[PDB]
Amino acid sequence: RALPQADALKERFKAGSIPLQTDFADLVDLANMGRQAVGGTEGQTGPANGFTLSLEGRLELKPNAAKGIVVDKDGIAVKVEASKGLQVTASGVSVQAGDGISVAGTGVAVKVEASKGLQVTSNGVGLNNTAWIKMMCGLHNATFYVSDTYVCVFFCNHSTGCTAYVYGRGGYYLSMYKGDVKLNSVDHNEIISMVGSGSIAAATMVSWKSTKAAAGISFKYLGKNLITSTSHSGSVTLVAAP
């Protein structure tokens, strides 16, 4: 049996109606639903989980305040420990990105300055393939450099000109002959070299008394190697230190 609706139960208690035992039985069970709802009838175990019943008789929410839920006058809210990595807005709950962290579709991820030598991929954070240039710039305190497949050169302005530290690549080394190293199309004034047998010499420092190094100036050079007698003639442009 489902209890009658209100309008129907009422006309059972209309003037000049004979209210039967079963009409009162319907009234009692109707009245009893509020007590069943709060778990108060014989054989019930009290308010369901998540509910309390006050002494005034009010049904009340039981938030586990130790497990991240609070209830107040604005309603049921997630309890975020403030400034501890989490953030809540009308949009929902989210992680708050501090220094070095970025948050986007992939999730919480590492943000790096690429100018500063670091990579981040699927496999984790790491040095990129040009971190070494930044290292070498700091080593010599160079404000400009060139790099290509046969040489790299780190430029230091000083006095009326500049001096550069030189390193070979791919097996190659830098010629030290006059006319083989041009900054801004100017031949060099001085070089210091490492020496090999039979007039082989490899330029390790180069200096221009009156030519300055700046972003965009050209570097022209003759690279040599210890296996063949040929020579690459490079023409590149200076770039500011990273």
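Note that residue numbering begins at 1 and tracks the sequence as displayed.
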- [ ] With reference to the PDB entry, specify whether the mean Cα temperature factor is higher for 26 to 34 or for 196 to 204.
- [x] 196 to 204
TODO: Look up the CA B-factors in the entry and say which stretch, 106 to 114 or 148 to 156, has the higher mean.
DONE: 106 to 114
Task: Highest recorded Cα temperature factor - choice among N141, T163, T130, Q96 - done: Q96
Open item on the list: Checking the record values for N189, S175, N64, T41, which has the greatest CA B factor?
Closed with: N64
TODO: Taking the chain's C-alpha temperature factors as the reference, tell me which third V239 falls into: lowest, middle or highest.
DONE: lowest
Open item on the list: When the deposited Cα B-factors of this chain's modelled residues are ordered and cut into thirds, is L9 in the lowest, the middle or the highest one?
Closed with: lowest
Open item on the list: Please place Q21 in the lowest, middle or highest third of its chain according to the CA B-factor in the PDB entry.
Closed with: middle
